[PDB]
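Containing mmCIF, C-alpha atoms: work.cif.
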```cif
data_start
#
loop_
_atom_site.group_PDB
_atom_site.id
_atom_site.type_symbol
_atom_site.label_atom_id
_atom_site.label_comp_id
_atom_site.auth_asym_id
_atom_site.auth_seq_id
_atom_site.Cartn_x
_atom_site.Cartn_y
_atom_site.Cartn_z
ATOM 1 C CA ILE A 1 -72.724 78.647 35.693
ATOM 2 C CA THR A 2 -75.930 77.614 33.917
ATOM 3 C CA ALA A 3 -77.234 78.686 30.487
ATOM 4 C CA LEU A 4 -78.760 77.279 27.294
ATOM 5 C CA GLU A 5 -77.408 79.639 24.626
ATOM 6 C CA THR A 6 -73.912 78.493 25.604
ATOM 7 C CA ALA A 7 -74.652 75.245 23.760
ATOM 8 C CA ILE A 8 -73.942 76.838 20.377
ATOM 9 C CA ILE A 9 -70.854 78.667 21.645
ATOM 10 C CA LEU A 10 -69.198 75.624 23.226
ATOM 11 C CA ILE A 11 -69.555 73.597 20.020
ATOM 12 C CA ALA A 12 -67.653 76.308 18.154
ATOM 13 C CA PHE A 13 -64.575 76.173 20.387
ATOM 14 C CA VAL A 14 -64.339 72.382 20.602
ATOM 15 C CA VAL A 15 -64.350 72.175 16.803
ATOM 16 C CA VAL A 16 -61.593 74.782 16.484
ATOM 17 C CA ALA A 17 -59.432 73.000 19.049
ATOM 18 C CA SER A 18 -59.984 69.673 17.294
ATOM 19 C CA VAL A 19 -59.014 71.138 13.918
ATOM 20 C CA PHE A 20 -56.007 72.846 15.483
ATOM 21 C CA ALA A 21 -55.023 69.573 17.143
ATOM 22 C CA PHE A 22 -55.224 67.776 13.797
ATOM 23 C CA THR A 23 -52.771 70.215 12.219
ATOM 24 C CA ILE A 24 -50.277 69.861 15.071
ATOM 25 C CA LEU A 25 -50.237 66.073 14.765
ATOM 26 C CA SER A 26 -49.560 66.206 11.029
ATOM 27 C CA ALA A 27 -46.971 68.962 11.408
ATOM 28 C CA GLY A 28 -45.241 67.118 14.233
ATOM 29 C CA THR A 29 -45.034 63.897 12.236
ATOM 30 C CA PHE A 30 -43.499 65.709 9.270
ATOM 31 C CA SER A 31 -41.097 67.686 11.450
ATOM 32 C CA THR A 32 -39.879 64.728 13.495
ATOM 33 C CA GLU A 33 -39.390 62.539 10.444
ATOM 34 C CA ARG A 34 -37.212 65.121 8.673
ATOM 35 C CA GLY A 35 -34.986 64.956 11.735
ATOM 36 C CA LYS A 36 -34.029 61.323 11.330
ATOM 37 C CA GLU A 37 -32.627 61.307 7.796
ATOM 38 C CA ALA A 38 -30.523 64.321 8.721
ATOM 39 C CA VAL A 39 -28.578 62.180 11.179
ATOM 40 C CA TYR A 40 -28.795 59.149 8.887
ATOM 41 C CA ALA A 41 -27.305 61.199 6.065
ATOM 42 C CA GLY A 42 -24.599 62.619 8.312
ATOM 43 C CA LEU A 43 -23.201 59.227 9.290
ATOM 44 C CA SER A 44 -22.760 58.376 5.613
ATOM 45 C CA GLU A 45 -20.204 61.029 4.645
ATOM 46 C CA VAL A 46 -17.798 60.464 7.533
ATOM 47 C CA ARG A 47 -17.649 56.790 6.584
ATOM 48 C CA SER A 48 -17.356 56.978 2.823
ATOM 49 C CA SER A 49 -13.725 58.026 2.449
ATOM 50 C CA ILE A 50 -11.245 56.139 0.252
ATOM 51 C CA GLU A 51 -7.447 56.055 0.266
ATOM 52 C CA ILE A 52 -4.679 55.621 -2.290
ATOM 53 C CA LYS A 53 -2.664 52.432 -1.914
ATOM 54 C CA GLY A 54 0.672 51.564 -3.442
ATOM 55 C CA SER A 55 2.890 53.817 -5.536
ATOM 56 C CA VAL A 56 1.983 55.961 -8.533
ATOM 57 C CA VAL A 57 3.378 54.867 -11.901
ATOM 58 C CA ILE A 58 3.810 56.995 -15.025
ATOM 59 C CA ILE A 59 4.139 55.617 -18.562
ATOM 60 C CA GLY A 60 6.020 57.503 -21.264
ATOM 61 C CA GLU A 61 5.144 57.289 -24.933
ATOM 62 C CA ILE B 1 -60.031 80.216 23.156
ATOM 63 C CA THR B 2 -56.804 78.578 24.290
ATOM 64 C CA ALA B 3 -56.097 77.344 20.758
ATOM 65 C CA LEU B 4 -55.756 80.840 19.301
ATOM 66 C CA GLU B 5 -52.966 82.116 21.552
ATOM 67 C CA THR B 6 -50.848 78.960 21.447
ATOM 68 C CA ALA B 7 -50.487 79.531 17.714
ATOM 69 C CA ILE B 8 -48.831 82.896 18.354
ATOM 70 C CA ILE B 9 -46.429 81.657 21.029
ATOM 71 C CA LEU B 10 -45.601 78.682 18.806
ATOM 72 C CA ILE B 11 -44.553 80.953 15.941
ATOM 73 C CA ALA B 12 -42.391 83.009 18.290
ATOM 74 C CA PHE B 13 -40.097 80.179 19.371
ATOM 75 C CA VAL B 14 -39.611 78.630 15.927
ATOM 76 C CA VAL B 15 -38.417 81.982 14.585
ATOM 77 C CA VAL B 16 -35.946 82.380 17.450
ATOM 78 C CA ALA B 17 -34.767 78.815 16.913
ATOM 79 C CA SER B 18 -34.270 79.406 13.191
ATOM 80 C CA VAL B 19 -32.388 82.669 13.732
ATOM 81 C CA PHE B 20 -30.189 81.003 16.332
ATOM 82 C CA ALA B 21 -29.757 78.081 13.944
ATOM 83 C CA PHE B 22 -28.672 80.387 11.131
ATOM 84 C CA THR B 23 -26.173 82.172 13.368
ATOM 85 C CA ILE B 24 -24.730 78.927 14.694
ATOM 86 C CA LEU B 25 -24.635 77.695 11.105
ATOM 87 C CA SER B 26 -22.781 80.797 9.942
ATOM 88 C CA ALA B 27 -20.277 80.758 12.813
ATOM 89 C CA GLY B 28 -19.319 77.103 12.455
ATOM 90 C CA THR B 29 -18.018 77.638 8.933
ATOM 91 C CA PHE B 30 -15.686 80.449 10.004
ATOM 92 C CA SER B 31 -14.109 78.452 12.823
ATOM 93 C CA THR B 32 -13.520 75.496 10.514
ATOM 94 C CA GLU B 33 -11.614 77.620 7.998
ATOM 95 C CA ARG B 34 -9.247 79.079 10.590
ATOM 96 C CA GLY B 35 -8.295 75.650 11.888
ATOM 97 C CA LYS B 36 -7.430 74.551 8.365
ATOM 98 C CA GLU B 37 -4.951 77.381 7.758
ATOM 99 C CA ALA B 38 -3.088 76.607 10.974
ATOM 100 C CA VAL B 39 -2.158 73.123 9.775
ATOM 101 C CA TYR B 40 -1.108 74.392 6.350
ATOM 102 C CA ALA B 41 0.937 77.229 7.835
ATOM 103 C CA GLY B 42 2.641 74.924 10.314
ATOM 104 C CA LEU B 43 3.723 72.410 7.685
ATOM 105 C CA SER B 44 5.262 75.039 5.409
ATOM 106 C CA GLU B 45 7.494 76.458 8.140
ATOM 107 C CA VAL B 46 9.090 73.128 9.032
ATOM 108 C CA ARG B 47 10.212 72.386 5.471
ATOM 109 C CA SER B 48 11.862 75.715 4.606
ATOM 110 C CA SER B 49 15.397 75.181 5.872
ATOM 111 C CA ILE B 50 18.706 76.172 4.267
ATOM 112 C CA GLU B 51 22.194 74.659 4.360
ATOM 113 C CA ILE B 52 25.727 75.875 3.692
ATOM 114 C CA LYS B 53 27.856 74.052 1.130
ATOM 115 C CA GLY B 54 31.592 74.448 0.800
ATOM 116 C CA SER B 55 34.149 76.596 2.534
ATOM 117 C CA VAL B 56 33.979 80.230 3.623
ATOM 118 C CA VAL B 57 36.310 82.586 1.768
ATOM 119 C CA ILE B 58 37.740 85.933 2.888
ATOM 120 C CA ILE B 59 38.945 88.452 0.308
ATOM 121 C CA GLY B 60 41.434 90.986 1.642
ATOM 122 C CA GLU B 61 41.787 94.518 0.339
#
```

The structure in this file should be written as structure tokens.
Amino acid sequence: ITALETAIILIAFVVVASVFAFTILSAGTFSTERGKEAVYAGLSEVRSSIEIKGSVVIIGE
Amino acid sequence: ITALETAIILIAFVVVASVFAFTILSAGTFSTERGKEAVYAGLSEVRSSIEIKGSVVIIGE
């Protein structure tokens, strides 16, 4: 459980994990944020309908 | 070390999720169409009646 050459090796893995962690954070932020406009967009369509009102009139020339 | 494997398992689930998402996307469209025809078919049947006007006449040989 004791060695000196392990010093170089341990530095390699901690760097890789840190870089990998960085990518996950950025990817997670992008992924989660795409989620929210999907629901925000969805509420818009169901609300946006219009309706005809009155009676239709036709004019002859 | 642990960073390397978690990449592989991560890719596995996103692919399964996407494939399931595509299938559940594809299936939802089909079910929607069938429900639409039922309403159209039902309305047409109710409005297709026929009456009888006048008397009934017998011609004797």

Have a look at atom CA of residue 26 of chain B and atom CA of residue 30 of chain A and let me know their distance in Å, one decimal. 25.6 Å

Grab the atom CA of residue 16 of chain A to atom CA of residue 3 of chain B distance for me, in Å with one decimal place.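 According to the coordinates, atom CA of residue 16 of chain A and atom CA of residue 3 of chain B are separated by 7.4 Å.
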
Over all Cα atoms paired in order, how far apart are chain B and chain A after a least-squares superposition, as an RMSD in Å?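 Between these identical-sequence chains, the C-alpha RMSD is 1.8 Å.
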
Would you give me, as a list in words, the residues of chain B that come within 12 Å of chain A, using only C-alpha atoms?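 Within 12 Å of chain A on chain B, we get residues 1, 2, 3, 4, 5, 6, 7, 10 and 14 of chain B.
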
Atomic separation - atom CA of residue 22 of chain B relative to atom CA of residue 39 of chain A, Å: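 Separation of atom CA of residue 39 of chain A and atom CA of residue 22 of chain B: 18.2 Å.
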
Take every atom of segment 15-27 of chain A listed in the file, pad by 4 Å on each side, and give me the axis-aligned box centre and edge lengths in Å, one decimal, as AutoDock Vina command-line options.
```
--center_x -55.7 --center_y 70.4 --center_z 15.0 --size_x 25.4 --size_y 16.7 --size_z 16.0
```

Segment 21-46 of chain A rebuilt with N, CA and C atoms, output as a compact mmCIF listing (two decimals), in the frame of the given file:
```txt
# COMPACT_ATOMS: atom_id res chain seq x y z
N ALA A 21 -55.75 70.76 16.72
CA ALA A 21 -55.02 69.57 17.14
C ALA A 21 -54.62 68.72 15.95
N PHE A 22 -55.53 68.56 14.98
CA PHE A 22 -55.22 67.78 13.80
C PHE A 22 -53.99 68.31 13.09
N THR A 23 -53.91 69.63 12.92
CA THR A 23 -52.77 70.22 12.22
C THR A 23 -51.47 69.96 12.96
N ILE A 24 -51.49 70.07 14.29
CA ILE A 24 -50.28 69.86 15.07
C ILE A 24 -49.76 68.44 14.89
N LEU A 25 -50.66 67.46 14.94
CA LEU A 25 -50.24 66.07 14.76
C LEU A 25 -49.55 65.87 13.43
N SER A 26 -50.16 66.36 12.35
CA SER A 26 -49.56 66.21 11.03
C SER A 26 -48.24 66.95 10.94
N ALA A 27 -48.20 68.19 11.45
CA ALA A 27 -46.97 68.96 11.41
C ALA A 27 -45.88 68.30 12.23
N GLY A 28 -46.23 67.78 13.41
CA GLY A 28 -45.24 67.12 14.23
C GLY A 28 -44.66 65.89 13.56
N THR A 29 -45.51 65.09 12.92
CA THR A 29 -45.03 63.90 12.24
C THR A 29 -44.07 64.25 11.11
N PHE A 30 -44.41 65.26 10.31
CA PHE A 30 -43.50 65.71 9.27
C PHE A 30 -42.20 66.23 9.86
N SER A 31 -42.29 67.07 10.89
CA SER A 31 -41.10 67.69 11.45
C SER A 31 -40.17 66.65 12.06
N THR A 32 -40.72 65.72 12.84
CA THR A 32 -39.88 64.73 13.50
C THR A 32 -39.22 63.81 12.48
N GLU A 33 -39.91 63.52 11.38
CA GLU A 33 -39.39 62.54 10.44
C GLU A 33 -38.25 63.13 9.62
N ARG A 34 -38.34 64.42 9.28
CA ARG A 34 -37.21 65.12 8.67
C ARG A 34 -35.97 65.05 9.54
N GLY A 35 -36.14 64.98 10.86
CA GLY A 35 -34.99 64.96 11.74
C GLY A 35 -34.13 63.72 11.55
N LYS A 36 -34.75 62.58 11.25
CA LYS A 36 -34.03 61.32 11.33
C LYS A 36 -33.13 61.09 10.12
N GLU A 37 -33.53 61.53 8.92
CA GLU A 37 -32.63 61.31 7.80
C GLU A 37 -31.46 62.27 7.85
N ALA A 38 -31.63 63.39 8.56
CA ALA A 38 -30.52 64.32 8.72
C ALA A 38 -29.36 63.66 9.44
N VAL A 39 -29.64 62.92 10.51
CA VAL A 39 -28.58 62.18 11.18
C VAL A 39 -28.18 60.96 10.36
N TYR A 40 -29.14 60.29 9.73
CA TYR A 40 -28.80 59.15 8.89
C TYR A 40 -27.88 59.57 7.75
N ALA A 41 -28.19 60.70 7.11
CA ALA A 41 -27.30 61.20 6.06
C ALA A 41 -25.93 61.51 6.62
N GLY A 42 -25.87 62.16 7.78
CA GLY A 42 -24.60 62.62 8.31
C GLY A 42 -23.61 61.49 8.55
N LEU A 43 -24.10 60.35 9.05
CA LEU A 43 -23.20 59.23 9.29
C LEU A 43 -22.59 58.71 8.00
N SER A 44 -23.25 58.94 6.86
CA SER A 44 -22.76 58.38 5.61
C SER A 44 -21.45 59.02 5.17
N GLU A 45 -21.38 60.36 5.20
CA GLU A 45 -20.20 61.03 4.64
C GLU A 45 -18.94 60.67 5.41
N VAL A 46 -19.00 60.68 6.74
CA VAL A 46 -17.80 60.46 7.53
C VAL A 46 -17.24 59.07 7.30
```
